Amino acid sequence: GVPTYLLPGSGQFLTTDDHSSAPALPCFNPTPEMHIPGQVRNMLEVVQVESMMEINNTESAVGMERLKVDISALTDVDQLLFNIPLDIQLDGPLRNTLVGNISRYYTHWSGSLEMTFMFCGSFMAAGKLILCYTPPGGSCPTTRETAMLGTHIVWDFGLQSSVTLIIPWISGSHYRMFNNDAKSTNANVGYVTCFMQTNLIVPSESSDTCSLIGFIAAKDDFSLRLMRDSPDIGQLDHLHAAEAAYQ
Amino acid sequence: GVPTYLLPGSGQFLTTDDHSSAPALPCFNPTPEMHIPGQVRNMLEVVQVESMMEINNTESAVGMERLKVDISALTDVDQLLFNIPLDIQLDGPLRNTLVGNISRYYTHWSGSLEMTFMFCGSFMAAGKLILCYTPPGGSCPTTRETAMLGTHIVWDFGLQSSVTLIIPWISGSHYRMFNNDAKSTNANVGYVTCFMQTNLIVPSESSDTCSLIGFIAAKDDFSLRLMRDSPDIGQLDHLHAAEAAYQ
Amino acid sequence: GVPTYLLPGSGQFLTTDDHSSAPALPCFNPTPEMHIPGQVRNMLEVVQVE
Amino acid sequence: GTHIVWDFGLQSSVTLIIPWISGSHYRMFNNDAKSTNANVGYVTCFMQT
Amino acid sequence: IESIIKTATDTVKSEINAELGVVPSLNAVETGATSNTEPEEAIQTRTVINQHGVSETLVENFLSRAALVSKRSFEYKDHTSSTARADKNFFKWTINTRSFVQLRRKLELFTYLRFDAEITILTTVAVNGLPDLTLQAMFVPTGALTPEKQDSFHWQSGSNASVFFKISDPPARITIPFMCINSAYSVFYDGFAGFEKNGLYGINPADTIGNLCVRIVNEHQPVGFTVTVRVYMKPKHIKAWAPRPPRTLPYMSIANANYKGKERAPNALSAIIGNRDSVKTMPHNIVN
Amino acid sequence: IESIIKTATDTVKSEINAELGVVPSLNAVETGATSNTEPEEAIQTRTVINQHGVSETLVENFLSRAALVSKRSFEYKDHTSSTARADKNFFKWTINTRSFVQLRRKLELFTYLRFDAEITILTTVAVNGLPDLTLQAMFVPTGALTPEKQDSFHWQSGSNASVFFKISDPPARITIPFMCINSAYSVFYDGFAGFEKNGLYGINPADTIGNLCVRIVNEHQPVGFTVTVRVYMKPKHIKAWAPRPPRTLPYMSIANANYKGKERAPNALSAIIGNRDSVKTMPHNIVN
Amino acid sequence: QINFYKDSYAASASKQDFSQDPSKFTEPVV
Amino acid sequence: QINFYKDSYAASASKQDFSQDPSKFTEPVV
Amino acid sequence: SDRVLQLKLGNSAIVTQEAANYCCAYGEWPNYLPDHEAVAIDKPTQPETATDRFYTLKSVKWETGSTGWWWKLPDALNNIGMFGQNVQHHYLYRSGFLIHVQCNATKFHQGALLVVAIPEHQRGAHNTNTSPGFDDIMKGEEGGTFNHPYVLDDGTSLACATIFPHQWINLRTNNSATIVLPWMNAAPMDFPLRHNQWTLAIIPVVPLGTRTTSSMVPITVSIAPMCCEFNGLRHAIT
Amino acid sequence: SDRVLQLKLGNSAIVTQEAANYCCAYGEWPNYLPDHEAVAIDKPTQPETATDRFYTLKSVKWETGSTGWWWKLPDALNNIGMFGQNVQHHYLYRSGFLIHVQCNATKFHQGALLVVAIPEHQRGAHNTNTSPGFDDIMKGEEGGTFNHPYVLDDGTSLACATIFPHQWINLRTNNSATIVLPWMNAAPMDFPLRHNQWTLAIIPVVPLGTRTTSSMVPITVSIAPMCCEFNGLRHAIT
């Protein structure tokens, strides 16, 4: 017949191989395809949707207080309000986001991010903020004179209640890794900080402690590769009733 | 020669695989095909044939009394005569039918049914019946005012001795399952009930207890998939003389 | 290489199978066919004789 | 019934169109406000929020 | 009217029908014809483009699933002291669809079947380490000379189609052709095989494929093994004629259609379908 | 606008923009739309021809990785003295994506999935030499008759798609088709299966594939073996609808989406992301 | 599909005959 | 790629559908 | 219009005035054996009027406690007339059948007859492993009474017996069923004395019931062979 | 320009003067079931004005300590008006929804509402392995209060809940979210009394805060079914 020989790699079950396999139910007629709304054909559709950052990932912020940042009227000039760890691949405010949870199924990621901050004060509350994306290399900037040298956006509080801090893809490498080393040149992204441009100024009938909801999506520049399993989920024992699926 | 490698699934005997195998008797000449009458090329030919329901699946109906429903003259108004469990896949009056026994070789079924009721009274016996297919969700309707809101047919007893209660395919899903759960939204079909429209009225020389033979076939809408082995047959031990087939 | 898988019936010696097999003596030249009288190409020639 | 939900902002007025829903072509006076030929319906107002 | 039907038929929409003379719900069972009342003709329907394929109900796909037809655990040891009834390292088997009831009830749905048997012989071994035994499965025709020993000279297979296979190999799969002298296998044979009145009723030997004499080619080893040989038949190239009522009662024997039924319903003689309380009692009722 | 996107998009160069009326950084989250501020529109960019392929983020490539769905070590021995709870040389398994959390969280990213299961059954064996056991993995539908013994007559597989395979062979790989009665598998089923109020919440049986009854075809051998059968499911031909928040809290059960969370952050109930000192405290700070 | 044998019965199962005639069963009348 | 089976679901994974529409997610507004 | 029916075969003829229709079994009308299907090489005798005619069997008393009646073909006709003499003198036969079952009662009687023609009705005996013998199957002209017609005496179902060529004699509607059977065998011809292809089966699904004076209601069966061939001439056997 | 919005459905109509936009969910507008996707063969009743209209639910008091509110559709509407009577009388329904959530306060109040419509919101109970029963899921017209809305009561994340069709009611900017939902089910139609496709979820991401006199700020929900079909007519259940 046909003179063949087995290569190395014969009879091995690679999990990610793509080969046609034997149909269990022959001449099966699957259910006809109905137009179900909202088909995802590519996971970067899911990533480019905005999703809330937990910038307030502190203690004494229990549950939903972690999603908003309380900013107040300040008596000092040009004070730091918050800074955001930009490690998508590591634990931090970007982790439980749509750009974060999907990228923790991957290792190498590229493309520009997109931070959107929705002010949730009163309509009478007037204020201005600066949102400085500092490219990495140095420490997180604590004064505004240090931070506004980087990429920033200055935001007035009026009719439109949100800016977009585009985090540009500034990297030497084409992609960026996970390493468990947040301080690596291949993994570190930079630092987004926020400072009072002027101040949060409310009248006597508005609440003095207004809020900021911080979103992050990715852009059309964004890309992911080198798929891995997510570290966001674990499994110590069998789940409950999993033994009852066999009974 | 040809560089090959064994996939997962090599050397395994799937029962339902479709591969050309080695002929035991080479250059065999099979017997020439003769036109034998009544070829079935598709099992839905067998299903679309009418076949008697055992609506009288009670005790004290021994054998053939289960195939007919005894209806009588009634002194009360608008009384229930019979109701039919519509679970083809489960045990009930539809089980020992051509639509039932073939569909118990399958799991998922679609398409409209077809109940035909042949009156077998005298020619002098005059009567009227309503045959209400109630789509599922609620209880089996016990009064006629409850049941005639559903799909029904009103049937006069004259020259033609049979109606067709078309059970329309009313389902959310494309198909319907077997589950051993007759009360499931994926499995339950509804309830066919029968009520006296007027009454069964016989003269003094006809028998007061006339009969109804209930048929069910399927329509051209009907369909079956996900083939399984039938629960209608079992095998506890070896059959008799099966050891003598080896001797 | 070529992704294959063994069917049921692999590695079994059916006696009546018809497959090309490995020649023991390669580039062998068989003896030339001489017209020998009375060739039977079909056993029903033998059967139709009284 | 027929309703309109009204936000208080720049525009300070809605129009509740009372549609002509009657069996008859016209409607009478009768001194009987509860008559099928005379009664028009009921406009009510509730706090939306 | 013979027509090619790949999917289930569409449903046309219909409107209010109030017509004298045309009574499509009224039909005649006494003619023997199944009622041609369309769902359009009975109730008021919408337009439904039905895309449900009917391909899994094909009789080819119905019966071409390799089902079990034979199973013998037989001892593999010294048979010099064993009785002259057990398998002395070989078993003959008259190839028989009737031994196992799942394939039997499927093949007894029809009266006449024209199929090619795709015999897959799964041999499996247990100890009374496992050996890699070689097995011969010599196909003997119906009534021909079956061997008497393991090492008898009938196994030399001058013309009988033996298949030699190992336990460590994939299962031996051969294709038995359509081997009936008639144009179809008489699944039910209302008649007798012999011309005398001693013939067995229902057993047409034309329906019988033949013998499947299976031995273990190796000699006897010092420890005994229990070798179980499962035979799986896949009917293929199937033409089927005259369908029948599916058998409801349990089978009693492989030689005939005797019936006893269960003791109680379901599948009993006096009551095939399981009983309920009354004809107006709904067993699975949605009570809320 | 639906468009074919094979690589990530290029970045056009931009210049100094000082324009009234056009404020592309200012956007409205309250509309629900994600901000369309291009990087050209926010900062000053160069021309970048981005050649980064987006092909590994395809939902086909996302979910078609054969992940573990079942795992049972079960004893293979004499079961005449064992209790009537353990696996007497067979196990039934209702095929269930919910048992193992890596594939479960990936499939619970979406609401509706339309995939073909490429079931790979890896059987591995340990001694309590190794035998070359033959295994049957009979695919039973949801709720149908599952076998009661190892050598029961349900394993004859008249129509259920059994796959017979050995430990020494490569792992048995079959393709379960898209077997939902609906047009997609309801991964989350906000509703009840039954019409009565006793039905289990969230468990749609249409989402359930079926049973995977797996026995060892060999008889019991004099020494006992612990046979571990791992089942690997590869979703393929995948269409996916309505993506969801990925589950952050640990799973509690396979039947529902109950949550307890970790005791402390990360992945706790009161604190999903791990805590830090203040909102103005940078945890991984480059201090030189 | 493949069929490298010399016998036409040795091929794979012919699961393509979609011609059906139910009218010899549902309407067997003249 | 290869697909010597009679069933179209039995083929290899269709890793070629590069059509994406993020604007039903990023811009779901009217 | 289809209630009246005259069936002219040979010198025999049967009119019926309450007929339903006549069932051409499996959509197949009887014919002679064509040359491409023929096996026996000798010229078959085709008498065409001595056998192709209605041979009326003995009537059976349709009663209250009746279970059923069955006639196996051609075993019902192997001793009747010139069909019987052609059966006994020939090894082979190929013949369709035109069964016309007569059963009438008044317009006050009720009842239903499943007149069903079962091809290859391999009977089974009840509560034993012994196969039915020659006397249990080959009853001849008398026919046999069903023992358990609810399972058709072979473990199958009466409820699905309408998959066979069947008609109903509902005494309300009609009084005659007519089933036109073709040659139903895997072989083109066969030996008549040891094989029966069609089995006419007549079953009381609804029993005979009335409240008037109980006249005897019988069931008369008139089976006509159609398109008879006979090969293999020899001496008679009987 | 897009701040004013009048939504005319049936006899109902809703104007709003501080609107953001209206979210056509997944870029999909509701429609009737087309013939190629249709499954139920009977003609569906399409009332088109008795159900395709704004059914305004009960308002809920937006407070400081509030965790959230959720209404499951059509469970919120299975007892209201002619949508409720069509639900109780029919086995099947196919209806999109036009949710218009009203919540306004002064220009001195602050707060943010995540008005998010979750398809197939399989809830989970906290700190137990028992599934949520019928009373824990099918609250009806009242709706349910979130227990842990930070994880959306199913272990997922509120932070990623914007992957669903959502709008925000920021009391600074707007006062009405509007989400236009299509038929979101794998099946074309479904049984309404035991399944809910969309779950409107309303979550205080920023709580209600002010320093003025604490007026009651409620959240009013006006859900309009769109393009209703109903197959499978029977008696009512309720």
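Going in written order, the chains are labelled A, B, C, D, E, F, G, H, I and J, and every chain counts its residues from 1.
Here is the rule we go by: a residue touches a chain if its C-beta (ideal position, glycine included) is under 8 Å from a C-beta of that chain, and two chains touch if they have at least 3 such contacts.
The equivalent interface to A-F, defined as the listed pair sharing over half of its contact pairs by residue number with it, is B-E out of A-E, B-E or B-F.
Between the chain pairs B-C and E-J, more C-beta pairs are in contact across B-C.
Separating the CA-averaged centres of subunit F and subunit I is a span of 62 Å. Averaged Cα coordinates give subunit A a centre that lies 70 Å from the centre of subunit C. Computed from the mean C-alpha positions, the centre of subunit B lies at a distance of 26 Å from the centre of subunit G.
Separation between the centroids of subunit H and subunit J, computed from CA atoms only, is 31 Å. Chain contacts: subunit E has residues 5, 11, 28-34, 39, 43, 45, 51-56, 58, 61, 64-67, 100-102, 105-106, 112, 120, 122, 161, 163, 169-171, 173-175, 177-178, 180-184, 234, 242-243, 245-248, 250-253, 255, 269-270, 272, 286-288 touching two or more partner chains. Listed for subunit J are residues 21, 23, 25-28, 39-42, 129, 148, 150, 157-163, 165, 168, 170, 173, 184-188, 190-191, 194-195, 237, each touching two or more other chains. In subunit G, the residues that reach two or more other chains under the touch definition are 1-2, 4-7, 9-13, 15, 17-21, 23-26, 28-29.
Remark: subunit G residues 1-7, 9-13, 15, 17-22, 24-26 touch subunit B in the complex. Residues of subunit J touching subunit E in their complex: 35-36, 38-44, 237.
On the subunit E side of its complex with subunit J, the touching residues are 11, 13-14, 39, 43-49, 51, 288. Of all residues in subunit H, only 4-6 touch subunit G in the complex they form. Taken together, the subunit A residues at the contact with subunit H in this complex read 18-23, 26-28, 30, 38-39, 41-42, 44-46, 48-50, 217, 220.
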